[PDB]
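Coming up is one lone chain in structure tokens, specifically the form deposited without 6-hydroxymethylpterin.
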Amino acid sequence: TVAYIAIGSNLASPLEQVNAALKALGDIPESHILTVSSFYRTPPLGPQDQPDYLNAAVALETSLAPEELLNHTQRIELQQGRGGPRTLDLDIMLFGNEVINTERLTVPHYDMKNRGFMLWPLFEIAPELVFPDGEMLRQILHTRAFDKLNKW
């Protein structure tokens, strides 16, 4: 089943952690990477001085159940997120065609249609994607205004 996972990091030199998280995703049992997006830059959300955020998206083929995949993403955050919090965020955006509303997991990710830093890398790797409700990703990006984010 093809899962789409968002990756974010707020480090000034995020590549080692991001790359380690990507390697780790590929090494999840019964899973492998399909496609890795470009890495995008987004500005911070508070007034104090801090680095920009890196954001990306990955297509991961997996035979695991969604909650199983969640457990691995949380494991990788703990193992590879050395810098603290926001230094490595892994979020399941979409999982096959499945709609999930459990305790631990909501799929499609509950805010992703509102977040350019999710949708732009996703569109790079899945330009023809259609959401469970029928909305085309391309349409969302052309009807909503989302700043075109630059390459990291």
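Residues that one form lacks are left out of the comparison. Numbers for residues come from their place in the sequence shown, where the first is 1. The term rigid core refers to the most C-alpha atoms you can superpose between the two forms while keeping them within 1.5 Å.
The form deposited with 6-hydroxymethylpterin bound is left out here; the points below concern that form.
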6-hydroxymethylpterin overlaid from its position in the bound PDB entry: site open or blocked at 2.4 Å backbone/C-beta: open
Options 57-65, 122-130, 27-35, 109-117; stretch whose heavy atom lies within 4.5 Å of 6-hydroxymethylpterin in the bound PDB entry: 109-117
4.5 angstroms heavy atom contact with 6-hydroxymethylpterin in the bound PDB entry for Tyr53: yes
4.5 Å heavy atom contact, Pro44 to 6-hydroxymethylpterin in the bound PDB entry: yes
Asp89, heavy atom within 4.5 angstroms of 6-hydroxymethylpterin in the bound PDB entry: yes
Contact set, 1-19 vs 6-hydroxymethylpterin in the bound PDB entry - heavy atom within 4.5 angstroms: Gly8
Superposed on the rigid core, segments between the shown form and the other one of at least 3 residues with Cα shifts of 2 Å or more: 83-86
